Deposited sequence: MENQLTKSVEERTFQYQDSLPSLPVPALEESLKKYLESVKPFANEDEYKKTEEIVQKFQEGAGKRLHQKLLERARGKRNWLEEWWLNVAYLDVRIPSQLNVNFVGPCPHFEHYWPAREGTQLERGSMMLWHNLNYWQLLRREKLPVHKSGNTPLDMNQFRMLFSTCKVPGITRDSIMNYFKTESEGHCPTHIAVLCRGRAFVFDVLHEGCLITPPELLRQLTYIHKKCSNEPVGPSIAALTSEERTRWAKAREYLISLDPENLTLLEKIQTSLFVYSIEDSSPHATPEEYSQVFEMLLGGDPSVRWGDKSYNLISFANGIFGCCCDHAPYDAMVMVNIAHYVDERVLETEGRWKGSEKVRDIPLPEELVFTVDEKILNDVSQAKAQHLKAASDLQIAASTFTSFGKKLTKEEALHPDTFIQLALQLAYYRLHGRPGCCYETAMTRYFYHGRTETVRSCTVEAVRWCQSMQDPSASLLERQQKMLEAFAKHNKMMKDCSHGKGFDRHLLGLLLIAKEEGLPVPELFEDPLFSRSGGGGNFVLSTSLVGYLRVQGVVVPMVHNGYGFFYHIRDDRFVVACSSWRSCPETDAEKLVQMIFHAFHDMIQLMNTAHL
């Protein structure tokens, strides 16, 4: 069995029934509306269904007739490539490598040693992919889309004046040649070397020399030009700085392409985030912040190495979703466990070429842009607050409802929530929106805060909330959600220069969460001991992510300090109390 052999058999992403979608939409706005607003919205929705919507839906169906996935391109453009704000900090997702829970605790001086092995395992995974030996993901006996795995290596974003683009150079052995070099960023400089020698992958010892030549080459000297820092800028500025940097030297384009085509970017930091099984929130902060001088935000996969031998990943969210990064990070974690975090093979170091530096041609302007880029990224990042902890009836649904109660208790109002739902059952299926803030969830929350409420009432309502969410999560993953659907109708109109339907201008549309207005941006990152996070979706919002182990729940919450009403720390505390309260309500209501 080969990794991508089921791609041609995957079913097309479906288009829900118009009426079904609108009904789910109408139901979702209820928690945020009174009689009048609701009736107003209901009227708007009915006219839509009968008129414009029916026609835009018909056009959406025609689009699906010619595309195995009608959403693919639109989603990439409207959710990522078209956005102009700084993506590195505001869209990229990060995740700490959990190797410090066992064999690789935080410890100065282990940076180059562990790093050599980090590269070795990562590269073995790449080889696994290139040979299509990576196991096909399956739900029962149903194969899942594996296309996002093509975006892990040799993939990089390229800025545009109005729209960025994605460059995917990866290729399987069957498809042809694939870049075989990695790019290392250090002290504002960029080096690259071939990971192959005489046909086979270079061993850790050899990988150690390569990182040694680079580390020294710029360790006793001040930082370099830091062209990389420009990747953390507003998308248009970066696009302008790039065109310029190139106009100075036609060769600069060649260096940029070297970085873009590399299997991935390895960043060597000098900072040391406090990383321990108890406190690791700091790892998230330096992962999303850090020193822009050695980060290539446009890279789909940027492995980060700190001084205390701690590791983390920062990825461009545009080409793929977090599950691919979670998979390799976990694969490596397992490799570390089996080898007790050590290389026990040959110590020989064959005579392989030394890392070649990429010396960009710059002037006074570029250096100013570089200086500005660092300042804006660092300034913006300092406003970020991260709270990470471990807590020791589907687990995901349990956490989602607990978050609803927690937010409800902390802010005294229902929090419109976005929960990611994977739709990989379909060709190139990525995600769908699950709206956790349902009528059921709210009624349950109220009862939880209702002194006169009985235990039987509370559990009965909590259960109805679970049933509603489970169903919702199931339907959404099966392509029966409505968020992407409504987006498609809107995009059908826009693409033809037709006016924006009144449906989207409705105050309730955005109050319920539409238009990227969810106060709670969330997602389960899996069951593979790896955790990640991103910044909130709105200034007065929260970012809440988590992963589930058979013995604990691990969460990571983000919030903006500049916003006085939110506090990531207190929310995490609140959800833990919510977990507890929900526990008692289940054990007590045992009879």
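Missing C-alpha coordinates mark the following deposited-sequence intervals, in order: 1-10, 403-413.
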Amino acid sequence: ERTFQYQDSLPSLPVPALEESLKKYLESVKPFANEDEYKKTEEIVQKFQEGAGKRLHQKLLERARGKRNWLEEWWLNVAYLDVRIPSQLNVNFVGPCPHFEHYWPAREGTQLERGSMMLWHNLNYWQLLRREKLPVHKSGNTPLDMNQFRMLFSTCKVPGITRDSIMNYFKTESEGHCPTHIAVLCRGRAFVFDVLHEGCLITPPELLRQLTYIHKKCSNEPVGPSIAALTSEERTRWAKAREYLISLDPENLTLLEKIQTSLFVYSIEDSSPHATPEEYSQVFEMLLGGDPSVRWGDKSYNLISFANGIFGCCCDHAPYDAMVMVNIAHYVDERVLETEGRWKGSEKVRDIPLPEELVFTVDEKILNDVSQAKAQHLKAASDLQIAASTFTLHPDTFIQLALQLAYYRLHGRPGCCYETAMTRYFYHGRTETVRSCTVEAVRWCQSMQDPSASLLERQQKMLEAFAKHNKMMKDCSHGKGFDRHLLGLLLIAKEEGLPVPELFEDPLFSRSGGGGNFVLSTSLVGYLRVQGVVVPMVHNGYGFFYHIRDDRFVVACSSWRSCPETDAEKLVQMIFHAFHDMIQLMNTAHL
From here on, numbers count along this sequence of modelled residues.
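Legend: mean Cα B-factor per stretch from the PDB entry, 561-569 versus 540-548; the higher mean is in 561-569. When the two stretches 398-406 and 363-371 are set side by side, the higher mean Cα temperature factor goes to 363-371. As recorded in the entry, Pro105 carries the highest CA temperature factor of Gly479, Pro159, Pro319, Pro105. Sorting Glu173, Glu502, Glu73, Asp333 by the CA temperature factor given in the entry leaves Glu173 at the top. Among all modelled residues in its chain, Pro353 ranks in the highest third by Cα B-factor. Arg237 sits in the middle third of its chain by CA B factor, as recorded in the PDB entry. For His428, the recorded CA B-factor ranks within the lowest third of the chain. Only modelled residues enter the ranking.
Sort the modelled residues of the chain by CA B factor and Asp298 lands in the lowest third. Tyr280: CA B factor in the highest third of modelled residues in this chain (values from the PDB entry).
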